[PDB]
There are 8 protein chains.
Amino acid sequence: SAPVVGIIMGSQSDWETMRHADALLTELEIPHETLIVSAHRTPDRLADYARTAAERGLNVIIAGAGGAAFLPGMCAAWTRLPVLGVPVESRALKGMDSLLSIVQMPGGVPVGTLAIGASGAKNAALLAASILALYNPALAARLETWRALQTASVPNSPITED
Amino acid sequence: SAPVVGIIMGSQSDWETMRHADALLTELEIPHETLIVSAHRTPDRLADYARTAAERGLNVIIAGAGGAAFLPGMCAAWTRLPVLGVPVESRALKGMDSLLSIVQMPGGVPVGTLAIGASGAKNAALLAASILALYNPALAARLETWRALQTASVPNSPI
Amino acid sequence: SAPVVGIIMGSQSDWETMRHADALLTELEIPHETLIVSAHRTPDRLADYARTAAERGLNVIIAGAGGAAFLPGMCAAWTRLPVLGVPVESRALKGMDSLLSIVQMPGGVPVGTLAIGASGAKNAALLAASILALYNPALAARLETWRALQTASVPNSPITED
Amino acid sequence: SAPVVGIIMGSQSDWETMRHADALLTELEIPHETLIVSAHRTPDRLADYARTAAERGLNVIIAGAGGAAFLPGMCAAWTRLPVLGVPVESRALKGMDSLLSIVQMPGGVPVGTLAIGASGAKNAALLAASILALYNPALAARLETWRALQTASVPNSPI
Amino acid sequence: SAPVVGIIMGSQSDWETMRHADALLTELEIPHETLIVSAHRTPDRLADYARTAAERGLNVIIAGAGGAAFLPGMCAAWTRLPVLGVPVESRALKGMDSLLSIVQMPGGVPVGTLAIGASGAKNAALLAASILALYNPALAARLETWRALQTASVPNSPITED
Amino acid sequence: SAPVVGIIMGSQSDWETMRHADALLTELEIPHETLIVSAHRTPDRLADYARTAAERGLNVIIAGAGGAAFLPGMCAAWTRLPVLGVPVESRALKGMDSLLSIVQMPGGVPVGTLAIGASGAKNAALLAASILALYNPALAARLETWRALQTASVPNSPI
Amino acid sequence: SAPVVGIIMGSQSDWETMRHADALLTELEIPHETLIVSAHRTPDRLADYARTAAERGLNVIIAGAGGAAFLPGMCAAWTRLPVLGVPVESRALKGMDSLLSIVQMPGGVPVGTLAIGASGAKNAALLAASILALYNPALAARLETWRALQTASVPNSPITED
Amino acid sequence: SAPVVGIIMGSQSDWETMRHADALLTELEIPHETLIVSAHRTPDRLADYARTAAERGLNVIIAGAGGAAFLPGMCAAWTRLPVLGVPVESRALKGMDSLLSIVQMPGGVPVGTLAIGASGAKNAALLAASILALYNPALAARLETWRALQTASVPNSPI
């Protein structure tokens, strides 16, 4: 029941995107927690969350942020755990600011970045799953099955109907 | 004598750019400190630096950073003081990543952003000067002189 | 009652964005004026406004502009006061033209630039407030309280409900 | 003898680019003046330059500027004369900032914008020439000759 | 009655933007023609139009085009007359492809480029007017009056009402 | 012996890039002509070149151009033959202007666009080869050999 | 009746764009097949499709893909046939990711890339047609007629009505 | 001794960048293999490499690629193992094409993307280390030491 993955985002507005990561982890039966931590508004909350993540049993952290997106990066600065970042699409720059802010981490502090938006949130969950599967045979089996189904479920031709 | 402006940068590599902010402040005789504080590598140092800036007597903070530039923003998250950000030019993206990372702050935690590179470092110092000038008559006069000399020194025709 | 902050914009269309700066200054009880000054259509009005701002008692100027955004920059060319620039989102280029036009000031004439749009307008007001607070204990106290409330008001978890 | 075209730039650093506009005008024997006028550093000089351009007999103004490029635009705000803008290549953003700052003029105050760099400086001169040619038969003939030579001089195969 | 300005565009879809150039020329009483010439679909029509523009009495050509926008440029390759280009906003790239395609002319063949969209179309008309005014006192007077009115018509403050 | 592929470029400056298309065609022994045709400077030459390409026996046209790159597009406007465009890297915008100018052709007049630079020039030749291979068994075999050698030659580990 | 052109796309969502290629090939009477092959979800299906395309009689392959668009490129890595790529417009980046992912092929493995979206799909079909026409007199005649009609069908002036 | 991390790149030219991932893994004493696998030139080699990665004992794959960068993505399409992608800086577009090609993976097949260039190569190794550390106490301790040294080594002021 104890969470092994932590999904964090700066505000409620990010949930529309981050819910996809939540849904996928639940689908693959991966225990996790979902919280709001703002790098700009609650920097001390972030410091404490990231600093204690390992001892609390978390193995992976999935952080979503848009615009001047610091959440994934600053989180990674305080934890040795692998941190995955989801660029949340921004209004004006369509997530380009979100993407560059997260992916361009200088050497020494990594953040595995996923695609902008929903697809990135879902993939962050899947990447976290593939990480946990390395040492969890049962989960590895569920993931393999999930991937196999995805492949087998692709249609052979498009519905070309007018 | 006590510093009223704090100039901070992520690493030695930022100095080539941030040295321009240092030179300007010195030129206008504005007491300041110039330190290295990394948002990515020394987050606690940053937290402590920003938390105590006001208490220490600092009035403005000038922070330079490139790539996923967090220094100015995170610093502003821990202080009520005006934080000015300098986007340091990055190798690949020429500071576009630096600029977006710094300027696109969400409402509630501001960072007055300047141009990418040396021009931005110099302007951060000048902007800090114009801020300090609001309550320092002597400095205000020196800033007026600096701006006047800048304007008067522009040649009338190219060489 | 005398204004210490000047909020200027090129046209009525900018008000939708600049009203956020106005609202925040009023919220923090900072006396200010709100005017329309077009760098392209009323260059002499701009020259006079910027040139006399200091003697008129203004301490900070917040200027909004989009597209070929010259208002903040040209204003700064005529005043020694700190000028803050708000990139107003443009139709086609989503404020990227507005942003580069304002932030890329050459060495010698600064403009503290904020984010594109509403968030930038609000932050320009907050930055102006943090500047005025340096020499206004009462305002400093109001700002500190405002910042503290912002931090304390951040929810701990997202409303994950379907 | 009196100049009919005014070439202006923010600083000496723009000369490397704007010298191409000067060379072209000279080649076509178009009387012109080449000056330094900074929108940021010498705003009053700019205002005066633009306000009086028409009175002085100038027909077209070619203005070069980089980064937050305001020279062409602000000049057009003070004159009814055609203003052509040359985006000077900037260090970091390679003139993309220069280009957007100049070309994106709102309706009501135009600036005919040319390509970033030397090509743009040369074309501003040529565009000014084509404008002047509309009411100067002699120049029109010289422009026709220039364009004809350009076309005829292109090699048929690479070396 | 003979046209002195030629407004051309690649298709009917460009009219929504180019109509602003048409309206402004008419407003300033500048005789002009409005035609459709496609650089991609009617290259020979373009060659002939541009090649004969001068002898037909045209003094300025205003060409609008979007995407791989060649109309202004190719027109300029066939005429000695000044050619003004209007980048028509494109669906996906918002006119950025239109803008670069038109403004980046190599040294030797100029195109005075205006802003993306409606504002650019209107300004192309105004630029054409300022060119014609150089040798047409009456038009020069109308333009001066138009510019003066624009400046005088700018409001002093925004309608800040809720 | 008669050329079946025509390689064209706006000027000598494009040769550094387009020479790669020439080398590849020669390597695969594909008869071709390499000429300079400027869309901006020699529009009539271009019109004539494109109008008569088919009649002359050409099967594919490879056109290189940078900046406001019109060569490939305008050529395609005058011929029914497949036109492949190579975006030449531009000084300031690094070929982004070249790429958008070429690839964003409206429906009705296509241009098969390749990568910016030398890689694109080489691929245009290869793409032209794959087209010609559809009806030339000998060439098809040589292309298969070329592709096979490319694949087999890749090292297993870095030096 | 045997297909000489293969139109492939990663999912049903691409059909809205790829249908234009299908429609044009049918219009010019070019036999073709339309299938769904995902480079990400069905990599082995792609390998087999591309590898056997030539022996199956296919002469040209038109592949559409958006975002991290690998379909055209990977297809070209397995076939000697000419592969044409259609960048499918993406939500956030408007097809810019699609465009760069497809057009920037390294030297050695080409992909003739067309414009982003519908126009690109239609042009991929036309390019494929111009390729097939090189050795099919009847088709060459149909294409010539199609091109001639396009040119002749362009209106001479825009419907300037209010 | 058996490799637990596989570092792959499209060609020798990527080594200048990917060597940083190799150095980091060696520094942390993480058994790994460093190979050249081209998505464009050796697709079957890639398919085989990715299909069998898990069976061979590999835990994480680090793939570097530039331009139309497919290596990381296609590799992830054939393996259930975590795939980390390094955007190699491209000549013209400075790795922007590399970055978008790698990071914009559709839902269902992920690739943890790192920064463009050497910084990204180094971080991919570190990220792979943090993953491996989850089930390797010894390595976890070494990673903690590495991160601690990085933090403690940052100077307090610029030289």
# chains A, B, ... in the order shown; residues from 1 in each chain; ligands from 1
call {"tool": "residues_around", "arguments": {"residues": "range 60-72 of chain F", "least_positions_apart": "3", "cutoff": "7 Å", "atoms": "only C-alpha atoms", "output": "MDAnalysis selection string"}}
result
(chainID E and resid 70 100:102 104:105) or (chainID F and resid 4:10 18 38:39 75:76 81:90 95 97:98 101:102 111 124 128)
call {"tool": "select_by_dssp", "arguments": {"residues": "chain C", "states": "helix (DSSP H, G or I)", "output": "PyMOL selection string"}}
result
chain C and resi 12-27+43-52+71-78+96-103+118-135+137-152
call {"tool": "atom_distance", "arguments": {"atom1": "CA of residue 10 in chain G", "atom2": "CA of residue 141 in chain A"}}
result
26.2 Å
call {"tool": "select_by_dssp", "arguments": {"residues": "range 55-86 of chain D", "states": "strand (DSSP E)", "output": "mmCIF file with C-alpha atoms, in the first residue's frame"}}
result
data_model
loop_
_atom_site.group_PDB
_atom_site.id
_atom_site.type_symbol
_atom_site.label_atom_id
_atom_site.label_comp_id
_atom_site.auth_asym_id
_atom_site.auth_seq_id
_atom_site.Cartn_x
_atom_site.Cartn_y
_atom_site.Cartn_z
ATOM 1 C CA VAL D 60 13.689 57.820 -47.910
ATOM 2 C CA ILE D 61 15.254 56.718 -44.633
ATOM 3 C CA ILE D 62 17.152 53.448 -44.249
ATOM 4 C CA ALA D 63 17.587 52.437 -40.611
ATOM 5 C CA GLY D 64 19.611 49.511 -39.317
ATOM 6 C CA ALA D 65 19.176 48.051 -35.829
ATOM 7 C CA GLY D 66 19.642 44.779 -33.936
ATOM 8 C CA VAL D 83 11.174 54.153 -43.722
ATOM 9 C CA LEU D 84 13.060 50.989 -44.639
ATOM 10 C CA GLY D 85 14.380 48.818 -41.836
ATOM 11 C CA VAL D 86 17.435 46.600 -41.830
#
call {"tool": "atom_distance", "arguments": {"atom1": "CA of residue 35 in chain G", "atom2": "CA of residue 11 in chain G"}}
result
9.2 Å
call {"tool": "decode", "arguments": {"residues": "range 18-53 of chain H", "atoms": "N, CA and C atoms", "output": "PDB file, in the first residue's frame"}}
result
ATOM      1  N   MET H  18      28.627  11.301 -26.730  1.00  0.00           N
ATOM      2  CA  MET H  18      28.357  10.121 -25.913  1.00  0.00           C
ATOM      3  C   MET H  18      29.501   9.631 -25.018  1.00  0.00           C
ATOM      4  N   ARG H  19      30.733  10.043 -25.302  1.00  0.00           N
ATOM      5  CA  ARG H  19      31.863   9.617 -24.475  1.00  0.00           C
ATOM      6  C   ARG H  19      31.674  10.067 -23.026  1.00  0.00           C
ATOM      7  N   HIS H  20      30.879  11.115 -22.835  1.00  0.00           N
ATOM      8  CA  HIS H  20      30.618  11.643 -21.501  1.00  0.00           C
ATOM      9  C   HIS H  20      29.735  10.695 -20.693  1.00  0.00           C
ATOM     10  N   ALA H  21      28.856   9.974 -21.378  1.00  0.00           N
ATOM     11  CA  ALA H  21      27.988   9.017 -20.705  1.00  0.00           C
ATOM     12  C   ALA H  21      28.864   7.831 -20.301  1.00  0.00           C
ATOM     13  N   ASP H  22      29.766   7.441 -21.200  1.00  0.00           N
ATOM     14  CA  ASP H  22      30.680   6.329 -20.947  1.00  0.00           C
ATOM     15  C   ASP H  22      31.589   6.628 -19.752  1.00  0.00           C
ATOM     16  N   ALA H  23      32.163   7.826 -19.729  1.00  0.00           N
ATOM     17  CA  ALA H  23      33.053   8.221 -18.642  1.00  0.00           C
ATOM     18  C   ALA H  23      32.352   8.185 -17.280  1.00  0.00           C
ATOM     19  N   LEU H  24      31.134   8.713 -17.226  1.00  0.00           N
ATOM     20  CA  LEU H  24      30.381   8.739 -15.982  1.00  0.00           C
ATOM     21  C   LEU H  24      30.091   7.331 -15.471  1.00  0.00           C
ATOM     22  N   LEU H  25      29.619   6.449 -16.348  1.00  0.00           N
ATOM     23  CA  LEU H  25      29.316   5.082 -15.930  1.00  0.00           C
ATOM     24  C   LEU H  25      30.570   4.391 -15.397  1.00  0.00           C
ATOM     25  N   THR H  26      31.693   4.626 -16.061  1.00  0.00           N
ATOM     26  CA  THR H  26      32.951   4.025 -15.640  1.00  0.00           C
ATOM     27  C   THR H  26      33.349   4.568 -14.273  1.00  0.00           C
ATOM     28  N   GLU H  27      33.200   5.876 -14.102  1.00  0.00           N
ATOM     29  CA  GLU H  27      33.523   6.539 -12.847  1.00  0.00           C
ATOM     30  C   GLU H  27      32.730   5.920 -11.690  1.00  0.00           C
ATOM     31  N   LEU H  28      31.446   5.641 -11.920  1.00  0.00           N
ATOM     32  CA  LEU H  28      30.596   5.033 -10.897  1.00  0.00           C
ATOM     33  C   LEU H  28      30.711   3.504 -10.914  1.00  0.00           C
ATOM     34  N   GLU H  29      31.634   3.002 -11.725  1.00  0.00           N
ATOM     35  CA  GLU H  29      31.870   1.568 -11.846  1.00  0.00           C
ATOM     36  C   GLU H  29      30.622   0.767 -12.187  1.00  0.00           C
ATOM     37  N   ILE H  30      29.921   1.203 -13.229  1.00  0.00           N
ATOM     38  CA  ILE H  30      28.716   0.526 -13.687  1.00  0.00           C
ATOM     39  C   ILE H  30      29.071  -0.216 -14.974  1.00  0.00           C
ATOM     40  N   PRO H  31      29.041  -1.559 -14.941  1.00  0.00           N
ATOM     41  CA  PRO H  31      29.365  -2.373 -16.118  1.00  0.00           C
ATOM     42  C   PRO H  31      28.456  -1.995 -17.284  1.00  0.00           C
ATOM     43  N   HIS H  32      29.054  -1.636 -18.415  1.00  0.00           N
ATOM     44  CA  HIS H  32      28.274  -1.242 -19.578  1.00  0.00           C
ATOM     45  C   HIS H  32      28.986  -1.538 -20.891  1.00  0.00           C
ATOM     46  N   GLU H  33      28.219  -1.514 -21.975  1.00  0.00           N
ATOM     47  CA  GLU H  33      28.751  -1.737 -23.309  1.00  0.00           C
ATOM     48  C   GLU H  33      28.507  -0.450 -24.081  1.00  0.00           C
ATOM     49  N   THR H  34      29.419  -0.124 -24.985  1.00  0.00           N
ATOM     50  CA  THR H  34      29.300   1.088 -25.775  1.00  0.00           C
ATOM     51  C   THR H  34      29.403   0.682 -27.237  1.00  0.00           C
ATOM     52  N   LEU H  35      28.294   0.813 -27.958  1.00  0.00           N
ATOM     53  CA  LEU H  35      28.245   0.396 -29.348  1.00  0.00           C
ATOM     54  C   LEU H  35      27.682   1.435 -30.304  1.00  0.00           C
ATOM     55  N   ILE H  36      27.865   1.169 -31.590  1.00  0.00           N
ATOM     56  CA  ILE H  36      27.333   2.031 -32.625  1.00  0.00           C
ATOM     57  C   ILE H  36      26.193   1.237 -33.263  1.00  0.00           C
ATOM     58  N   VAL H  37      25.006   1.836 -33.278  1.00  0.00           N
ATOM     59  CA  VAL H  37      23.816   1.219 -33.859  1.00  0.00           C
ATOM     60  C   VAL H  37      23.074   2.359 -34.542  1.00  0.00           C
ATOM     61  N   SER H  38      22.886   2.253 -35.853  1.00  0.00           N
ATOM     62  CA  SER H  38      22.209   3.307 -36.599  1.00  0.00           C
ATOM     63  C   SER H  38      20.774   2.942 -36.935  1.00  0.00           C
ATOM     64  N   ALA H  39      19.838   3.786 -36.511  1.00  0.00           N
ATOM     65  CA  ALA H  39      18.426   3.545 -36.774  1.00  0.00           C
ATOM     66  C   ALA H  39      18.158   3.643 -38.272  1.00  0.00           C
ATOM     67  N   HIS H  40      18.850   4.570 -38.931  1.00  0.00           N
ATOM     68  CA  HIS H  40      18.673   4.780 -40.366  1.00  0.00           C
ATOM     69  C   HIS H  40      19.468   3.809 -41.231  1.00  0.00           C
ATOM     70  N   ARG H  41      20.726   3.586 -40.863  1.00  0.00           N
ATOM     71  CA  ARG H  41      21.613   2.726 -41.637  1.00  0.00           C
ATOM     72  C   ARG H  41      21.652   1.251 -41.269  1.00  0.00           C
ATOM     73  N   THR H  42      21.410   0.927 -40.000  1.00  0.00           N
ATOM     74  CA  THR H  42      21.407  -0.469 -39.569  1.00  0.00           C
ATOM     75  C   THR H  42      20.146  -0.770 -38.759  1.00  0.00           C
ATOM     76  N   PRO H  43      18.966  -0.655 -39.394  1.00  0.00           N
ATOM     77  CA  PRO H  43      17.689  -0.913 -38.723  1.00  0.00           C
ATOM     78  C   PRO H  43      17.536  -2.319 -38.147  1.00  0.00           C
ATOM     79  N   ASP H  44      18.022  -3.335 -38.858  1.00  0.00           N
ATOM     80  CA  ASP H  44      17.912  -4.698 -38.347  1.00  0.00           C
ATOM     81  C   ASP H  44      18.820  -4.887 -37.136  1.00  0.00           C
ATOM     82  N   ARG H  45      19.999  -4.267 -37.169  1.00  0.00           N
ATOM     83  CA  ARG H  45      20.928  -4.360 -36.042  1.00  0.00           C
ATOM     84  C   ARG H  45      20.223  -3.748 -34.835  1.00  0.00           C
ATOM     85  N   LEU H  46      19.559  -2.620 -35.059  1.00  0.00           N
ATOM     86  CA  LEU H  46      18.838  -1.952 -33.987  1.00  0.00           C
ATOM     87  C   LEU H  46      17.723  -2.849 -33.450  1.00  0.00           C
ATOM     88  N   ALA H  47      16.916  -3.403 -34.352  1.00  0.00           N
ATOM     89  CA  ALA H  47      15.817  -4.281 -33.950  1.00  0.00           C
ATOM     90  C   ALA H  47      16.339  -5.428 -33.091  1.00  0.00           C
ATOM     91  N   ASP H  48      17.400  -6.083 -33.554  1.00  0.00           N
ATOM     92  CA  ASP H  48      17.977  -7.191 -32.807  1.00  0.00           C
ATOM     93  C   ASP H  48      18.532  -6.718 -31.463  1.00  0.00           C
ATOM     94  N   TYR H  49      19.240  -5.591 -31.473  1.00  0.00           N
ATOM     95  CA  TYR H  49      19.814  -5.062 -30.242  1.00  0.00           C
ATOM     96  C   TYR H  49      18.731  -4.804 -29.198  1.00  0.00           C
ATOM     97  N   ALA H  50      17.692  -4.081 -29.606  1.00  0.00           N
ATOM     98  CA  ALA H  50      16.593  -3.759 -28.717  1.00  0.00           C
ATOM     99  C   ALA H  50      15.785  -4.999 -28.296  1.00  0.00           C
ATOM    100  N   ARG H  51      15.446  -5.900 -29.229  1.00  0.00           N
ATOM    101  CA  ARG H  51      14.671  -7.114 -28.894  1.00  0.00           C
ATOM    102  C   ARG H  51      15.313  -7.969 -27.817  1.00  0.00           C
ATOM    103  N   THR H  52      16.630  -8.076 -27.876  1.00  0.00           N
ATOM    104  CA  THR H  52      17.352  -8.934 -26.956  1.00  0.00           C
ATOM    105  C   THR H  52      17.988  -8.265 -25.755  1.00  0.00           C
ATOM    106  N   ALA H  53      17.889  -6.942 -25.661  1.00  0.00           N
ATOM    107  CA  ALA H  53      18.503  -6.225 -24.547  1.00  0.00           C
ATOM    108  C   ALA H  53      18.185  -6.842 -23.179  1.00  0.00           C
TER     109      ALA H  53
END
